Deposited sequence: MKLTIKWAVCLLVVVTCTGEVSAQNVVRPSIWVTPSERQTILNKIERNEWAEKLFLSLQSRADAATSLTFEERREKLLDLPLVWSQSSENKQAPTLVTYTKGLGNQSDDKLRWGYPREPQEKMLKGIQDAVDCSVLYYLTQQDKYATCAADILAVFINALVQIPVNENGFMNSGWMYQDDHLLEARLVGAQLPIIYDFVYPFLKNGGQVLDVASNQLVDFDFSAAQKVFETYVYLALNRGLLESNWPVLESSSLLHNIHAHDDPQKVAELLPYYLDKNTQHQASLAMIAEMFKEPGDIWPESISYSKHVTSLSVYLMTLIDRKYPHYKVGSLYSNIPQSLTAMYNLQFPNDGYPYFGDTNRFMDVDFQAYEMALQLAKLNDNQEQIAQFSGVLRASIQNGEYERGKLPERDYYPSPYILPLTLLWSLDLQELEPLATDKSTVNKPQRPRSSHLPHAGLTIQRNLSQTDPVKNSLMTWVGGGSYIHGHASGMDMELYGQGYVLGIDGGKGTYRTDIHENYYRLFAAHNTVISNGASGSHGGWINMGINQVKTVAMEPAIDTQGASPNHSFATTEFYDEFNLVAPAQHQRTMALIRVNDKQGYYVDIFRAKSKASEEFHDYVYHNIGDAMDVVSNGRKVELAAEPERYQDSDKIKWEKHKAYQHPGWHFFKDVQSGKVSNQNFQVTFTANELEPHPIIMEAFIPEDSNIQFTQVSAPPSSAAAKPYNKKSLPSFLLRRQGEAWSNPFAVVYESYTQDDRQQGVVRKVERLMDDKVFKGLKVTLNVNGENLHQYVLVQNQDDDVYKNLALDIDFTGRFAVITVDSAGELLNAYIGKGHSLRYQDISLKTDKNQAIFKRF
């Protein structure tokens, strides 16, 4: 084997040198990396030994500190940071040696490597049979593979030319120059390969986390026949303790799929897989894993298309709202796409990179500081690999199957951050998922306002018995008892399924100002009686600055008695409620939700569904057929207050309750530490023929118009709900939108007073104050008649007409 071979080859060196000559960003990375290498080099022979005595030596060669069971990852912080400083110094110097061929760098790097190799071969491998037993980390191979195993073979691959041609290392014990122990290094590389294949979980992200150690140590074997004999155990052969790439790709079956957890956990699997795939296709041009498994790099775009207009992510499960763009993953996915002749990916990835350089989000010449995070050290590849390069729009609807998730977005032409509309609805069974039911979030005014209830500290009472349960989510609880079962630690719920939607995925709508999606969810694991749930949400844009959401939620239990609760949470520090325009009299009801506290919590096993005993400041009205208007006010996000209005129509036959929910981590700072204003609408009996209905609209209190929605009323056909009448006021003028909503694709609606006929599921009619038809939208339907006008639907059962 000619070396280096793993990250780079000798024949690539001038190409890299030329990129530094011709590109400012590359020279700046080179100079920063060189400044780190230089700090580790030594001027004198005594300083050479000093650097090795900085390592966590145990005193013929010394060993290193071993880790069993001021603390980091659960082990003494102090030796680990000495170790990691050493290892990463050595990688940086070994890259500077490749680039400059100055021996001062090779000697620094190989001295450190020699200390690791000579120490490890004296330490017994842990044969207590525990599946995550390691070597230096007697009880954590997973950690060791990320911190140590992946890095030693790289150093070796860069310093090999120096050592094979008579270079020597400083034997720290004797203070003598001595030959590198190549036989001992082979045994280290053999042992980390064995460990990756015979330690760890097989069905998990663990094999991916272990794959840099596996693939690097395979290629540091001195026999090319053995290298090729071992390579299949990354590419496509599994063991009891290791998934191959081919098996990992089964979790990216369809374009648009991602590693099936929450976004924050899912992102790491894409980062690492893209690195490993690029390594393979750089070195072995015939495998073309970037084509065979192009859904893996595609997960970058899949995640991009989930984002809100303010770059935040849907907060489903144990996740975060904001996560830095993974520019290193884009740099390598762009190289992978070039190697594999994938033009759509070339365009997208270079489009994200170019846009982020243009707007100053990505400083391509800035070398990140070492975080000493537990992941393979690949910082130098910024320079060594990234291509000389000489924003993509998100679709109106997106779907993510594993999370049962559907996005509707309607972007403004002007101030998109403030004025765009976006919702997602979802729910399903996956690791780091919640018993969310069929839940949702609502965007407005630069922020996610209708928010998921957040996450707690793992394994705590409030995390398992509130944050992960239904009452923490914008959904319906049925029979006071909606819950979960099986799957991941009894968190399992059924998938949310799409019934209909328009525009369909990755298409343009019939109408630029209208969309809807109807989804359904079986609340099978209810402690009292299963319930069927169905939800219709629509995004109605009135103009480039104003728009609103319609939320219709049906629930029906398989039982002769039932009740249902509709739950909404919204960021704020103030919440006000009126009914028929007047202040509501709410009575304190501190015990309302306390019966679920009688359920016995068994950690990791049984939970106090639905979690609402954790609400505070509980205050309830009477059963009412009056309307309600809730005003949420957030005073601490922007200089002017940000308002969400919720219009609950008359004849909803609900009891209104206001609560303060536990603080939510999905809320923008400083509200992540503040109580979360919330309401519940309780219906006695079924909630299907006359379902929950709410209209949401946001605005910023400097806004000229404030909100355009002024009234919301039910369209009722003999106790059966058929939609809503929304009264708008736009630049002083009154308009009416009739939002027609039926439960069957062939249902026929006749409203004699309005002179309307509609056959279909979802439509929206817009008329002026005199009743003139301005435009009509059929999202899913056959026929519409308003007065003397009649419309028919094209393909897809949708149409839009202006008059």
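- The chain's deposited sequence has unresolved stretches at 1 to 25, 85 to 91, 102 to 109, 431 to 443, with no C-alpha coordinates there.
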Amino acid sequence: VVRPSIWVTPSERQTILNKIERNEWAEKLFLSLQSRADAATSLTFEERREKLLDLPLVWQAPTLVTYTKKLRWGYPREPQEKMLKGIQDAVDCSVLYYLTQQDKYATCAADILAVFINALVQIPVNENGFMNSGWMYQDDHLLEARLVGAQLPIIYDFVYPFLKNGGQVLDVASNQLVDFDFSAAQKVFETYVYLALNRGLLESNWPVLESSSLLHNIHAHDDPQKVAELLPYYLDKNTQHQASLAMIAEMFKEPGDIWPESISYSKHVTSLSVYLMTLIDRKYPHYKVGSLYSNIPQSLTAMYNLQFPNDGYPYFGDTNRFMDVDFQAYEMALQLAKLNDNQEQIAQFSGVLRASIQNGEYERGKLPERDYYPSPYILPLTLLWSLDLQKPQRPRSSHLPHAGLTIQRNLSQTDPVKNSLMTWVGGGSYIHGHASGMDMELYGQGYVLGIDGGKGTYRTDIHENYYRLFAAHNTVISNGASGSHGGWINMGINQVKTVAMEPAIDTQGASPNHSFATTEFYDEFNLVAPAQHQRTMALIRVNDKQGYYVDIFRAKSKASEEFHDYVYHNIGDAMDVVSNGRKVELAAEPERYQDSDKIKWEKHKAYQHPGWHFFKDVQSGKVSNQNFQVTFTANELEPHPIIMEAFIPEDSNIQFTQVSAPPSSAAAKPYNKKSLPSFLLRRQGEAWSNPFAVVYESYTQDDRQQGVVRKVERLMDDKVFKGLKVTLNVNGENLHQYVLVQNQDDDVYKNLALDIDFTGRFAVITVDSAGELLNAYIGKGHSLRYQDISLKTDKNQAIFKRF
From here on, numbers count along this sequence of modelled residues.
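- Comparing the deposited coordinates for 175 to 183 and 431 to 439, the stretch with the larger average C-alpha B-factor is 175 to 183.
- Between the stretches 302 to 310 and 583 to 591, it is 583 to 591 that shows the larger average CA temperature factor.
- Out of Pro79, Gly365, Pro392, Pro503, the entry records its largest CA B-factor for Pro392.
- Across the residues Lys85, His219, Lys556, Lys253, the deposited record lists the maximum Cα B factor for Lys253.
- In the deposited entry, the Cα temperature factor of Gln608 places it in the middle third of its chain's modelled residues.
- In this PDB entry, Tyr105 carries a Cα temperature factor that places it within the middle third of its chain's modelled residues.
- Residue-level temperature factors show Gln742 in the middle third of its chain, judged at the C-alpha atom.
- Ranked by Cα temperature factor within the chain, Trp206 sits in the middle third according to the deposited record.
- Residue-level temperature factors show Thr766 in the lowest third of its chain, judged at the C-alpha atom.
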